[PDB]
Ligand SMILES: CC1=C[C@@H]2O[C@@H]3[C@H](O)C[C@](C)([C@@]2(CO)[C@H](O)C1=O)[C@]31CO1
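Starting off, we have a lone chain in the form deposited without the named molecule, written out as structure tokens.
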């Protein structure tokens, strides 16, 4: 009866929506995770308190994304099959005596809203990106900013007290500042907001103290309510643990605050040359490091670079990232600065080396370095290349610089406020409780 519909196969949208769903189950609601038939056949289910249900994206037996690597093509296929099968699911669930009370959906599936509203099901948008990025996309949707969005447009928003930092060219969201590079992602980013005013509720995985001006503006403009960081309650010190993963055993043997965790997420791909610069930078830093290089990227790693990494590092295809970040051995996180990774670092008080690619990452990386003060951003050379020397410099700058304590201080400060927000009486907890009562 509360249906949860993340963008399919995006763990960064899945995890936080499941964590919201767990808190709703605490309040006595009944959550169901809605995923594709493919993901359902090929992934273990979430377990209690969740039911699971399926829709189709056109590809029930193979990965549709794999088959349809042009983003606009995959997204029109998902819309056509998904909208049909979501409507069928709303009816089958009602016929099975489990009518949906509300659909909480990722607005990167904007067809979900129309499908649900036409079945008479309430709708709640769930934004898994930061308010600062979200509100820029909403301004374009509302026809208050043209494309492309410029630094001058961002400076206006700063001047008006809506953004808390002045975004330059390398900081504005590329999907709207350089829309020709990613047409389908531009349109998807802006369409999140088309019809959002028709929703019963709008939720965002952030907390007001982290993004005060932006959260306030999202609330006044879009009715968006902060409900994050939407993470396991253990990490938030909310009293209302420890795996057997082999990389964790490695981490246990390293000294306190010694290790660099390295990940560029599950989406972006790095060519052989970029992997070479990244891995050599890690080895040249002299620090112990845990390098996540996905199974689907690891063919790009040479024998000699892997051997070089054996001295002080460990390369894995996946790690339990929250458990790593919480570990006493972890000193910093060299991250692409996707929002889930950034929130996970904040909740654990871990300083950041930001290596953004696209989406929300450039904007987050500017916040990290220039407002929040919790790390540094790598500087690309004149031709856009990340050099091993710069990877190394940034690692050493956060772990050893004159400013080491500045990044730590800010990470810790933010950590405390993130926990406050989710604990009883906190700004995000209040919004969760409001929602749970509404739908009880």
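Residue numbers count along the first chain shown, from 1.
The protein also exists as the form deposited with the named molecule bound; that form is not presented, and the subsequent description refers to it.
Participant: Has each of 65, 185 and 359 got a heavy atom lying within 4.5 angstroms of the named molecule in the bound PDB entry?
Facilitator: Yes: 65, 185 and 359 each sit within 4.5 Å of the named molecule in the bound PDB entry.
Participant: Going by heavy atom distances of 4.5 angstroms or less, which of 217, 193, 175, 126 would be at the interface with the named molecule in the bound PDB entry?
Facilitator: By the 4.5 Å criterion, the partner-contacting residue is 175.
Participant: Quick one: from 347, 202, 75, 282, grab the residue that has a heavy atom within 4.5 Å of the named molecule in the bound PDB entry.
Facilitator: By the 4.5 Å criterion, the partner-contacting residue is 75.
Participant: Considering only heavy atoms, tell me if residue 439 and the named molecule come within 4.5 Å of each other in the bound PDB entry.
Facilitator: Flag for residue 439 set to no.
Participant: Any of the heavy atoms of residue 366 lying within 4.5 Å of the named molecule in the bound PDB entry?
Facilitator: Heavy-atom contact with the named molecule at 4.5 Å: absent for residue 366.
Participant: Should residue 327 be classed as touching the named molecule in the bound PDB entry when contacts are defined as heavy atoms within 4.5 Å?
Facilitator: So residue 327 does not count as contacting the named molecule.
Participant: To test your reading of this chain, name the stretch in 217 to 225, 250 to 258, 83 to 91, 185 to 193 whose heavy atoms come within 4.5 Å of the named molecule in the bound PDB entry.
Facilitator: The contacting stretch is 185 to 193.
Participant: Which residues within 104 to 119 place at least one heavy atom within 4.5 Å of the named molecule in the bound PDB entry?
Facilitator: Going through 104 to 119 in order - heavy atoms within 4.5 Å of the named molecule in the bound PDB entry - there is one hit, 108.
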